[PDB]
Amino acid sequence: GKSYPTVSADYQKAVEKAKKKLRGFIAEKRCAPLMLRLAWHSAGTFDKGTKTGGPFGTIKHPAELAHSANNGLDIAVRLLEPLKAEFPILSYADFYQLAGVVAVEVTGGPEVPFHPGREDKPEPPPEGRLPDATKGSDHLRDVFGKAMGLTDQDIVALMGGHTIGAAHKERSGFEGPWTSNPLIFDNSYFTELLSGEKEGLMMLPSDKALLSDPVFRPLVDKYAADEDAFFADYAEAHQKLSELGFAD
């Protein structure tokens, strides 16, 4: 039930020009994974029952960057600040979600539809809504389902975002990439999850919880066998995530 707001022609022109500048900047800086993490941690605080949190620009606030789950995302905010200043008409909320969409595209992933119009909100949500990497399937459903309002399919598809990037012992404490090509958006996260622990690669307990759940596991198997189906479900889930609490 989405009803996207009207924005001026000047706003739309800035969206299009920022999208191109973000492509070049994110590719040059090699920061696609960090920008995807920034957009996801912006959006993933949404609570459907209270309509609080969500992708409304609050992740730039020092109070929210200080949340433990956001360790290292101040690097991403600082990286984007000069470019954001070239587009004063855009909300921070739209700019960070656009950066996440671009991060997926420039690494070869699907083209996630983007609609402008998010307004920046004044207060960050309370800490503690983002998922815990040491927990399992029940926790995943509490966070993605009971709070955000996403489906079990969305959970598995979105966790394929770990197909790009790595953990860092100085940030979360976990260390290493999920896949052998961590700047290439493909279905290798599911390939590695199924194949078992390879040396040099890393999987979180929350990743491994997908394998034993009766709903998540068929989805893992489908995405490992069919990258096209992963790309379709990923783009659907990323769009929903980026629009939580927005336009209904």
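Counting begins at 1, following the sequence as shown.
When the mean C-alpha temperature factors of 16-24 and 223-231 are read from the deposited coordinates, 223-231 comes out higher. If you average the C-alpha B-factors over 232-240 and over 5-13, the higher value belongs to 5-13. Set against one another, the Cα B-factors of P113, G136, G165, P116 in the record reach their highest point at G136. Among the modelled residues of the chain, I75 sits in the highest third by CA temperature factor in this PDB entry. Among the modelled residues of its chain, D94 has a C-alpha B-factor that falls in the lowest third, as given in the PDB entry. The PDB entry assigns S68 a C-alpha temperature factor belonging to the highest third of its chain's modelled residues. Ranked against the other modelled residues of its chain, the C-alpha B-factor of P125 as given in the entry falls in the highest third. Per the PDB record, residue ranking by Cα B-factor puts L36 in the lowest third of the chain.
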